[PDB]
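Note sheet for the following structure.
Any read-out appearing in this document is the output of simple, stated calculations on the displayed coordinates, not a laboratory observation. All Cβ positions, even for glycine, are placed from backbone atoms using ideal geometry, and neighbour counts span all protein chains on display.
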Amino acid sequence: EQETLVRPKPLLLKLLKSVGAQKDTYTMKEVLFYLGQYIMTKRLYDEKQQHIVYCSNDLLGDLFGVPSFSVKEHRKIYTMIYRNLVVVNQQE
Amino acid sequence: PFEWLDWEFX
């Protein structure tokens, strides 16, 4: 139900392009889903402890500002994604 | 096997 209309900033947009998403405006749900696919396809999660993402050597690490994080860190994830987009004035 | 928020990616 995360329907917030958003326009990713250049870094986030580059990440989205990696999984085939080239539009400029998204729902938050879409951004979140595509970032999950990004992590999957770049194989940035630990194969033995899959909630751990190791992003130091990936562009994702520039977004999050840390070398690693857990998918359990929901507030941090949301926070870092929102700071990398602009919420659209006209919602809906 | 990668779980993320509302979704599962293997």
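Scanning region A:1-34 for residues that are touching a residue at least 60 places away in the same chain (Cβ under 8 Å), buried (at least 17 other Cβ atoms within 10 Å of the Cβ) and of a type in the set (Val, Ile, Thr) yields a count of 1.
Of the residues making up region A:42-67, those that are within 9 Å of another protein chain (Cβ to nearest Cβ) and either aromatic (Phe, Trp, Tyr) or closer than 14 Å to B:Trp7 by Cβ (or both) are A:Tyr45, A:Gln50, A:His51. Selection of region A:61-91 for residues being under 18 Å from A:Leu13 (Cβ atoms), over 12 Å from the mean Cα position of the chain (by Cα) and either among the aromatic types (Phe, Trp, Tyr) or not in a loop (DSSP other than H, G, I, E, B) (or both) yields A:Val86, A:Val87.
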